[PDB]
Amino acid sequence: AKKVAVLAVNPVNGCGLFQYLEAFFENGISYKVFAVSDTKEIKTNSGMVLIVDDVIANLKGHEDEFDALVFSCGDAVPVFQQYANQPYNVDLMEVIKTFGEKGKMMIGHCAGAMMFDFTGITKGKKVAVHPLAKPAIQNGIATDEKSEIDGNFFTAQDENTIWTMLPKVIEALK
């Protein structure tokens, strides 16, 4: 019964986030949602209070217990580099790197491929990424497609193109 660690940044795009969670719940895939935050209480881009399962600090060292990582992008991302030293963002890099190195399935949209890329795990792999974050892809092969599936990477250009890969994401977890 497959298990996914869903990473929700703060603020998270709720439309992206619930596309994933709704598809997992409807298809009987297990998930736990970790805030990329000090607290499990976060906000959506649109300002709604959202309380998820746990915080990313508590995912570290437990990466083994999951089959897949979802990076659910949001308005936190454009300020990531500015706040790279925040503990939740140091944990973010380590966890993405660990999942990547352990061969887990890596799922993301908008700037998710960029977060993956920063850790080097995307080396030589086709990724779809927000057209704005395309210049920051240094290790992966950034394309202009709505989504790219390559090896362990499942990435969509943004929330409005998650649909183009989601049936395949679900099938790979079922």
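The first residue of the shown sequence is 1; numbering continues from there.
Relative to its counterpart among 158 to 166 and 8 to 16, 158 to 166 has the higher mean temperature factor, C-alpha atoms as listed in the PDB entry. Looking at 26 to 34 and 123 to 131 together, the entry lists the larger mean B-factor for 123 to 131, computed on C-alpha atoms. When the C-alpha B-factors of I42, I107, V55, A142 are ranked from the entry, the top spot goes to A142. In the deposited entry, the Cα temperature factor of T98 sits in the middle third of values across the chain's modelled residues. Among all modelled residues in this chain, the alpha-carbon of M48 has a temperature factor (C-alpha) in the highest third. In this PDB entry, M114 carries a Cα temperature factor that places it within the highest third of its chain's modelled residues. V70: CA B factor in the lowest third of modelled residues in this chain (values from the PDB entry).
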